[PDB]
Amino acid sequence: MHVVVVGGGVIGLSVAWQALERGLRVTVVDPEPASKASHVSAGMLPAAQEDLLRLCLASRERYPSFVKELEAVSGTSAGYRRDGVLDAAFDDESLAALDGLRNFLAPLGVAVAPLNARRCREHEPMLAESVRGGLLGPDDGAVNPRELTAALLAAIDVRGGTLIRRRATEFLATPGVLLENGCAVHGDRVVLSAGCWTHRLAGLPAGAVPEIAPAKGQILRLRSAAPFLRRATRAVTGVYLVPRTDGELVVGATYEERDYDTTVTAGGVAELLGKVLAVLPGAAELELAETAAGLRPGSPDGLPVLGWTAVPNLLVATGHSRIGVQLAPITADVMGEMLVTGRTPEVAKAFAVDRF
């Protein structure tokens, strides 16, 4: 059977890859794959709503083997680091949220080591002395989404998946899509995973797909020749600080309701620099190498949108908002199953399209 995946960010690429891994034939339609939210994304993979939590822990459990399998097929690196994740808090408010977080994670078998202010500074010398304590998640990490999507693209190629670099301009009642150049592509199944543009595809029957509203996020990248920070760090007052091996240090992110605007603004960059310098005062001399902005794919109730629509053979896989890099593997596994079996794995039932 043949599945057409509309949109090729981290969510359609992963989905398309796993569909191939399950012996399906796959076409991905996207004029510029891995160019949007997935391009600017930080790739923090923090452990962290019961249903969503369960979805995240499953994706978490799966991440290591997902990456292993992907590198094997692709002969490429996905840039997955498992050096643990440091949660650092700097005031009463934030130190209390850590207690809540640690209590939320103990029952579920997630390694979480509480750290007092001192222990925090020993794990990360570059933290400001105002640090009040933290949590260490030694089994967690972070990925470089740019490397992850590059691998997904390589793997999809190796397995003979087709990539069409054109815009899907219309959905056709088997299902298919019209492309901007006039050519058409039908398949046995169609999967929409076009981020915050999913619901904007002309020809979708009213009510089929809910509004995947964009949530803007500005983000920046600093650099030093040698890495500045020891490991993926969350500093709460939340700012995400993700060191790459080559000296890049990602700093995200703003969360904003600005429709589809992706302008990098004085306000946003000032917000981010303010946070990083408050908790990493030595970051003052790091080079500001990049500033960017992307759109998170939302949903009317803030949770992912996975499974069948009321339109036969039309599925969706979107609305991962703040954590799609994190949810990418489980989403891929889940949609694989759905396509092959016709049934919806238990862990995904909460995110059916029909709930609206």
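In this text, residue numbers run from 1 along the sequence as written.
Visitor: In the deposited sequence, how many residues between residue 173 and residue 174 have no modelled coordinates (none, 1 to 3, 4 to 9, 10 or more)?
Guide: 1 to 3 residues lack coordinates between residue 173 and residue 174.
Visitor: Per the record, how many residues of the deposited chain fall between residue 48 and residue 49 without being modelled: none, 1 to 3, 4 to 9, or 10 or more?
Guide: The entry leaves 4 to 9 residues without coordinates here.
Visitor: As stated in the PDB record, which stretch has the larger average Cα B-factor, 52-60 or 31-39?
Guide: Here the higher of the two C-alpha B-factor means belongs to 52-60.
Visitor: Of the two stretches 249-257 and 206-214, which shows the higher Cα B-factor on average in the entry?
Guide: Result of the comparison: 206-214.
Visitor: When you compare the CA B-factors of 177, 270, 278, 219 as listed in the entry, which one comes out on top?
Guide: Top of the list by C-alpha B-factor: 177.
Visitor: What's the residue among 295, 310, 317, 327 with the greatest CA temperature factor in the PDB record?
Guide: Result of the comparison over 295, 310, 317, 327: 310.
Visitor: So where's residue 224 on the chain's Cα temperature factor ranking, which third?
Guide: For residue 224, the deposited C-alpha B-factor lands in the middle third.
Visitor: Place residue 135 in the lowest, middle or highest third of its chain's C-alpha B-factors, as listed in the PDB entry.
Guide: It falls in the middle third of the chain.
Visitor: Looking at the entry's B-factor column for C-alpha atoms only, identify whether residue 285 ranks in the lowest, middle or highest third of its chain.
Guide: It belongs to the lowest third of the chain when residues are ordered by C-alpha B-factor.
Visitor: Mind checking which third residue 9 falls in for C-alpha B-factor across the chain?
Guide: Residue 9: CA B-factor falls in the lowest third of its chain.
Visitor: Pull the Cα B-factor of residue 262 out of the PDB entry and bin it into the chain's lowest, middle or highest third.
Guide: For residue 262, the deposited C-alpha B-factor lands in the lowest third.
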